[PDB]
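S.K.: no FASTA, just this:
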Ligand SMILES: *[C@H]1O[C@H](CO)[C@H](O)[C@H](O)[C@H]1NC(C)=O
Ligand SMILES: *[C@H]1O[C@H](CO)[C@H](O)[C@H](O)[C@H]1NC(C)=O
Ligand SMILES: *[C@H]1O[C@H](CO)[C@H](O)[C@H](O)[C@H]1NC(C)=O
Ligand SMILES: [Zn+2]
């Protein structure tokens, strides 16, 4: 009744705080989950993320992103949905296990590339898990969702794998996708591990209703319909990707920097093609060279905040050091004179 | 009642 699962597994993944892979759908049977990221199976902060064809066979069906983290093993504190995008909905799941999921309506398209990048980080004694998606054709990043997990010092510790799964039982319907550009950032040294070599493996060694292979460009895999394995129970394949990933640049324009009636307003906009914002800080100096100590500091500007409005007492001539950093820890600093009129 | 389970850890 069900298409067999297919797993694509890096040979060399390690404990990571950033995990990234590129995915392209080819055939999209309904009730298919491409979980392109998986971590900590059976463990603290177990989770996954990817793409679902929830209904229909094509773009006119319900196409989504998915993100889930299982409830803490010991802590009684709830996982919080800290941030959901305009098309994202956070809900608690149940059945044999419980936790938090974010489902995001997202009009992804056949034969287009989608880069799903997850980051885990420590903030206020908790671990945050964030989901970002680059639409490669549009050259546009979007922040999808951030979960606040009430246990410190958890990360994408083990179990990196992708799966394609039929969750309803329509093994007659073929599902096929491609992946490339798998990378993790190591907890050990903050350097990148390249998943250049991956195994493609059917879930059931006795079920051959799936197939896989690689071009010089991508790994591909399918299951269901007339799929029949050309690679036995599984096979390993190498892509010629660079050992360090090609990371774009953080690029933004300051839109306002003015002080009026004891209120400081500073706003910015990342360029359409920029890497996405991870955090911000603004130091305010009483001198152009920004020597000595700032007279004031605005800390803990979040990934989802593109400005500040603060009641503050300043002298005549103030200068703002705007320090933004992207999800890849690239920092871009601008120095702007604060204007004393809106 | 849809479920989307995951692989078990290695023993
Ligand atoms: C897995 O996907 C299905 C299909 O959409 C359901 O949303 C289910 O609740 C999901 N399970 C988890 C843990 O997110
Ligand atoms: C999850 O577990 C169920 C059994 O409980 C099925 O094996 C299902 O195929 C599994 N899904 C994946 C992706 O491994
Ligand atoms: C599969 O992995 C998820 C996290 O991705 C959960 O840890 C889930 O409980 C795991 N399933 C099994 C059978 O261990
Ligand atoms: Zn807490």
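M.R.: Sure, I can see it. Residues are numbered from 1 along each chain as shown, chains lettered A, B, ... in the order given. Ligands and ions are numbered 1, 2, ... in the order given.
S.K.: can you list the domain ranges for chain A.
M.R.: Domain assignment for chain A, taken from automatic domain parsing, gives A:6-238, A:252-337.
S.K.: ok, the residue in chain B positioned nearest to ligand 2 to residue A:5 distance?
M.R.: Ranked by C-beta to the nearest ligand atom, the top residue of chain B for proximity to ligand 2 is residue B:5, at 2.5 Å. C-beta coordinates here come from the backbone N, C-alpha and C atoms, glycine included. When C-beta to C-beta, to the nearest Å is the yardstick, residue B:5 and residue A:5 sit 10 Å from each other.
S.K.: So for those two, which sits in the more crowded spot?
M.R.: Here residue B:5 and residue A:5 are set side by side on neighbour count (other C-beta atoms under 10 Å in any protein chain shown), and the busier one is residue A:5, at 20 against 13.
S.K.: right, and the more buried one touches residue A:221 too?
M.R.: No: taking C-beta atoms under 8 Å as the contact criterion, residue A:5 and residue A:221 are not neighbours in contact, 10.2 Å apart.
S.K.: joint contacts of the two?
M.R.: Contact criterion C-beta atoms under 8 Å, 6 or more residues apart in numbering or on different chains; residues bridging residue A:5 and residue A:221 by contacting each: residue A:164.
S.K.: related to what we said a few turns ago, which SS class is the residue of chain B closest to ligand 2?
M.R.: Reducing the assignment at residue B:5 to three states with DSSP: H, G, I helix; E, B strand; the rest coil gives coil.
S.K.: Quick one: residues contacting it.
M.R.: Shown in contact with residue B:5 (C-beta under 8 Å, 6+ apart): no residues.
S.K.: Find the nearest non-adjacent residue to the residue of chain A most remote from its centre, please.
M.R.: Relative to the mean C-alpha coordinate of chain A, counting by C-alpha atoms, centre = their mean, the farthest residue is residue A:316 (42.8 Å). Leaving aside its sequence neighbours, residue A:316 sits nearest to residue A:340 (C-beta to C-beta, 6 or more residues apart in numbering or on different chains; 7.1 Å).
S.K.: Contact partners for the one you found?
M.R.: Residue A:340 makes contact with A:258-260, A:316, according to C-beta under 8 Å, 6+ apart.
S.K.: ok, now residue A:248?
M.R.: A:273-275 are the contacts of residue A:248 under C-beta under 8 Å, 6+ apart.
S.K.: near ligand 3, which residues of chain B?
M.R.: Within chain B, the positions lying close to ligand 3 (C-beta under 6 Å from any ligand atom) are B:6-9.
S.K.: Swap in 5 Å and give it another go.
M.R.: Proximity of chain B to ligand 3 is assessed by C-beta under 5 Å from any ligand atom, with B:6, B:8 identified as the residues in range.
S.K.: do chain A as well
M.R.: Listed as neighbours of ligand 3 in chain A under the rule C-beta under 5 Å from any ligand atom: A:41-42, A:46, A:48, A:70, A:97.
S.K.: Just give the number of residues close to the residue of the stretch 51-200 of chain A at minimum distance from ligand 4.
M.R.: When you check the stretch 51-200 of chain A against ligand 4 by C-beta to the ion, the closest residue turns out to be residue A:150, at 4.0 Å. Neighbours of residue A:150 under the rule other C-beta under 10 Å: 16.
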